[PDB]
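[1] I would like the atomic coordinates for the input below:
(6 chains)
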Amino acid sequence: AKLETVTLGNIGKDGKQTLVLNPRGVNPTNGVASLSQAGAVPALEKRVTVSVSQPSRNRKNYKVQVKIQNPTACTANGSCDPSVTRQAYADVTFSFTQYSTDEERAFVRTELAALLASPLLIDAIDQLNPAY
Amino acid sequence: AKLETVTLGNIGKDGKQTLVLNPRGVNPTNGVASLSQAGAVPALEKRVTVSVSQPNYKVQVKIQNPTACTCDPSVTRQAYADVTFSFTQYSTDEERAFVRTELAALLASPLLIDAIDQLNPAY
Amino acid sequence: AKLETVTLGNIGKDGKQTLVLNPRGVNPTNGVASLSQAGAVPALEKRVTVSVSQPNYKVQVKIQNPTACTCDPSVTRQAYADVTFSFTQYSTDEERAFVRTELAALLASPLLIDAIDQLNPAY
Amino acid sequence: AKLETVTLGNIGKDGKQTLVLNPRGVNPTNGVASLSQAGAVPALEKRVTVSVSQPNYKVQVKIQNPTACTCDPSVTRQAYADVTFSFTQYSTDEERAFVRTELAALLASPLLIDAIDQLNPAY
Amino acid sequence: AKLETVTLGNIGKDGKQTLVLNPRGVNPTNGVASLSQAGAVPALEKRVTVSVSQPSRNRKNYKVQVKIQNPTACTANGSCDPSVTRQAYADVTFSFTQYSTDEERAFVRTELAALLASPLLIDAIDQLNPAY
Amino acid sequence: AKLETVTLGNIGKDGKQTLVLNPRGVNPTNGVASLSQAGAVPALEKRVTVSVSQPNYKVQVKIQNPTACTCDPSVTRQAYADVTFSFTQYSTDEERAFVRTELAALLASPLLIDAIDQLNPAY
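    Numbers count the residues shown, from 1 in each chain, chains lettered A, B, ... in the order given. Here you go, the structure:
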């Protein structure tokens, strides 16, 4: 769809967080849409990207890929300007056939979503606790 | 982290569906937990797998949804979702939490729904 | 599912004995779960092993019961019971369950008790 | 002992089913006793076989349960259970009986029901 | 036995210390039980692990292994976030035969324990003073 | 650090035993202090060794307990315990102290006693 500012709300552990993502255009060389946070200092911008690849003799499926990168910056490690200390990444990819139905895809999407709310998954990610 | 049955509600395009996932042990070869659709025959089970890399950390989740058309219905196609998170040993629990929730929220974004459900890219 | 201390009650000829099996880990090489009766000497412990092949599915259960005769005791002989189940990837709850129960029932049937307990063939 | 019509009761997932096996003779070539559920079509009959090796003694029980799908029906698949017992010529009543009962008990243990009924490995 | 929160008490030089260890599941790929301290930042968690290996054609003995790792972190070395500076390790392994008796093992365990209280050992470890 | 006799009390499963260790010099080849069971014959002495690496620092303790069954009783088996501590040159005495005591306390933990005394893993 058309790139617009996306406002994710009620996020975070406390569920009381909000994030605004301003569209950053679409790179044609690779058909990647980029979304960024307001911070006008590239190195510290939270980012999100999406791209859909159509099948092409080598690949016979559609691939929807979403990536999100969130850097954390040490404001003052005995210096004058902050620098990135850690980076957090989440990589997602969907694979669908030429005959994937309208609903078939939707399901997966919504499923993954619901899954991310399951206590099983929250413990796994939030507290790096393997299922056992 | 107890591997239990997981009931997902209000799913599907109409958001009016539910999926029940029965725990299915942990493969001792990769330490991968597996969940499958309840009441289904193995050859047609919808899967979900979770694994938490122990060292850099990685949390990987995968979804496999076969579709069949009918004595033994065969699988015509499969839909896949692959997700992987990575965090430094110094990542605060608050951080992962954020990413996770962010992703979740994003998936509900019209921007994304159109790209996945309709396979229409962003422009 | 996950390992738990298993307690079998009302066993033996008189059906008045009880067995306590403790989780002994799973060999990652073949994925074989192992249990055993907490004995004083490991070599004299009664054991049970379980393996559910992940592919046709194959569930296999083995049980070894050593007999010591009397510096250190020694195992003069052991009793074995080897069981395997085979089910196609189109098998169902009803089907597997049935087989499982049937076998059990058979094992209680006089016909079989005579065959085993008395090493008496059927004719 | 001698063959008799065997009736197993309270079987299946719901434990509310019953099986009726009828003597089907013994093959003189290998001394294998055979029983089966009196079905309309022989090819669709559930069967059980028993053999008590006369030498180490070896008691073996096998059970086949076919599944038909629908001029003539056909067996799409079958469920199998193969059991064997080994006892030295110095084994005793107590010993064999124990094993027999233990196995049975195990087969009723949730740990195993989950392994079979749900094709869920233990870990 | 079943993994539960272990509460070590009256520890430390002053004997007035306590440590809680929350179970962290059991890794099947290697049969290792892991215990960790509450700190939800992997890099700074005090850890303890135990595992029992059964004999297997290459090894004809049981091996009970316990390991404990305790990192110390510099809270602010001219930066924004603490980092590990030192690590303390203690590695223990017991070897027992197929005929090891119930008591034989217990003895060793309790012996090692008592030993750790001996002034000879306290000086050796606490003050890196070799026996002489 | 004076190598003296060391009397360990309230040891054993019942915690109602005592072991006396006589100092036994320091092997000038590895700088390893050795202690042995008092009143025992060398071939059957229960040992304890301690060594403190001088450079990274290492404190290593080992225990050897032979068992015999009876003119000269021979050793049937040996029980072993091997411990090694490692500390940076910047480790505070408080730190090692902690680790040491922690270990000690841990050894009294039911979790551990079951794993060692009973060889039952954690689950």
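[2] And the strands in chain A?
    For chain A, the strands defined by DSSP state E occupy A:6-9, A:18-27, A:32-36, A:47-53, A:62-74, A:83-96.
[3] Now do the contacts for the closest residue to residue A:128 other than its chain neighbours.
    Nearest residue to residue A:128 in three dimensions, chain neighbours excluded: residue B:57, at 5.5 Å (CB to CB, 6 or more residues apart in numbering or on different chains). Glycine gets a C-beta too; all of them are placed from N, C-alpha and C. Neighbouring residues of residue B:57 by CB atoms under 8 Å, 6 or more residues apart in numbering or on different chains: A:128, B:86, B:87, B:88, B:89, B:91, E:42.
[4] Mark which of the residues you listed are buried, thanks.
    Buried subset of these (neighbour count, 16 or more other CB atoms under 10 Å in any protein chain shown): A:128, B:86, B:87, B:88, B:91, E:42.
[5] Those residues: which two are farthest apart?
    With CB to CB as the measure, no two of the buried ones among the contacts of residue B:57 lie farther apart than B:86 and E:42, at 12.8 Å.
[6] Which residue or residues pair with the residue nearest to the spatial centre of chain A through a beta bridge?
    Geometric centre of chain A, nearest residue: residue A:68, 3.2 Å, by CA atoms, centre = their mean. Counting by DSSP bridges, residue A:68 is bridged to residue A:48, residue A:90.
[7] which helix is the longest one in chain A?
    Among the elements of chain A assigned as helix by DSSP state H, the one spanning the most residues is helix A:102-117.
[8] Using CSV, write out the CA atom coordinates for it.
    What follows is helix A:102-117 as a C-alpha-only set of coordinates in CSV (Å, rounded to 0.1, in the frame of the first residue of the first chain):
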residue,chain,number,x,y,z
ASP,A,102,-6.2,-14.6,0.0
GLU,A,103,-7.1,-16.1,3.4
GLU,A,104,-4.2,-18.6,3.6
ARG,A,105,-1.7,-15.8,3.9
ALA,A,106,-3.8,-13.7,6.2
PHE,A,107,-4.0,-16.7,8.6
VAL,A,108,-0.3,-17.0,8.8
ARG,A,109,0.1,-13.4,9.5
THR,A,110,-2.5,-13.2,12.2
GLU,A,111,-1.2,-16.5,13.6
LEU,A,112,2.3,-15.2,14.0
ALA,A,113,0.9,-12.2,15.6
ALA,A,114,-1.2,-14.1,18.2
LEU,A,115,1.8,-16.3,18.8
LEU,A,116,3.9,-13.3,19.8
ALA,A,117,1.4,-12.7,22.6
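[9] how far out from the middle of the chain is it?
    With CA atoms, centre = their mean, to the nearest Å as the basis, helix A:102-117 stands 15 Å off its chain's centre.
[10] so which residue of chain A comes closest to chain C?
    residue A:132 (7.5 Å; CB to the nearest CB).
[11] Residue A:119 and chain D, how far apart?
    Remark: distance between residue A:119 and chain D (CB to the nearest CB, to the nearest Å) = 20 Å.
[12] Same check on residue A:107?
    Counting by CB to the nearest CB, the gap from residue A:107 to chain D is 24 Å.
[13] same check, this time on residue A:6
    Taking CB to the nearest CB as the measure, residue A:6 falls 41 Å from chain D.
[14] just how off-centre is stretch A:61-73 within its chain?
    With CA atoms, centre = their mean as the basis, stretch A:61-73 stands 4 Å off its chain's centre.
[15] could I get that stretch in CSV with only the CA atoms?
    Coordinates of each C-alpha in stretch A:61-73 appear next as CSV, following Å, rounded to 0.1, in the frame of the first residue of the first chain:
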residue,chain,number,x,y,z
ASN,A,61,7.4,-18.1,-4.8
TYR,A,62,6.5,-14.8,-3.3
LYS,A,63,8.6,-13.6,-0.4
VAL,A,64,7.4,-11.0,1.9
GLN,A,65,10.3,-9.9,4.2
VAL,A,66,10.1,-7.5,7.1
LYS,A,67,13.1,-6.5,9.2
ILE,A,68,13.4,-4.3,12.2
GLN,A,69,16.5,-2.9,13.8
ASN,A,70,16.7,-1.0,17.0
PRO,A,71,20.0,0.4,18.2
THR,A,72,20.6,1.6,21.8
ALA,A,73,23.1,4.4,22.3
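[16] For residue A:21, list each beta-bridge partner.
    According to DSSP bridges, beta-bridge pairing links residue A:21 with residue A:6.
[17] Could you do the one 5 residues further on as well?
    When bridges are called by DSSP bridges, residue A:26 pairs up with residue A:33.
[18] Would you quantify the distance from it to chain E?
    In this view, residue A:26 and chain E are 35 Å apart by CB to the nearest CB.
[19] for residue A:60, same thing?
    Going from residue A:60 to chain E by CB to the nearest CB gives 34 Å.
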